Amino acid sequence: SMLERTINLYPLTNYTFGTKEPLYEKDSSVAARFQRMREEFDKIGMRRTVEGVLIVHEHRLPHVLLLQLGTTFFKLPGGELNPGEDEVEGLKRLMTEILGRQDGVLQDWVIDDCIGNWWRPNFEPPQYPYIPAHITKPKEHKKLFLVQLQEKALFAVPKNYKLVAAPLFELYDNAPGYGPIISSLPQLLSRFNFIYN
């Protein structure tokens, strides 16, 4: 009886958060977001997204790194795969596009664990951790992965975003604040054996 995955965590003060130019969303509104999902579904089928969960600690208290757009939405680092693109290579590409350095030194992203799977049945906000009853053509499949960080790193945060460290207690039972995927991270992370370096 030791069946848990062992993960190294480092202090938040081990990481440098630099700045770079703004990164703009492909969609200028909720309505434009669901119009483009409908157009691409007709051309290339189900949307495939990938998201990274990056963990740090301070004084042995785990925190998840979240992207905050101005003072509005919280999001995980991630995005949309291209057709025929590998999911793990894709997440590594997207995390470099978002947080990768202005001096063009490469982060060594380490991805070895699936956290979870969510499905969007319609061109509407609702997402579920399973394909709902009667749904044969889901509109989006989202995959979450645990990203093991190095001991130290410099991240370049686009100037229209803040990288924030959220403690697990603040996420727990807080779907109104964070939505159904981020608010269930405490439950999804509980299986790991974290080492507080």
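Residue numbers here begin at 1 and follow the sequence given. We call the rigid core the largest set of C-alpha positions that still match within 1.5 Å between the two forms.
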Returned stretch for higher CA RMS in 8 other deposited structures of this protein, core superposition, given 152 to 160 and 66 to 74, is 66 to 74
Selected stretch [higher average CA B-factor]: 107 to 115 or 79 to 87
107 to 115
Avg C-alpha B-factor, entry values, 26 to 34 vs 46 to 54, higher side is 26 to 34
Based on the deposited C-alpha B factors for this chain, I'd like to know if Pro167 is in the lowest, middle or highest third.
middle
Entry-reported Cα temperature factor of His141, expressed as the chain third it lands in
lowest
In terms of its chain's C-alpha B-factors, the third that includes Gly179 is the middle
Record-listed C-alpha B factor of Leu99: chain third:
highest
When the deposited Cα B-factors of this chain's modelled residues are ordered and cut into thirds, is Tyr161 in the lowest, the middle or the highest one?
highest
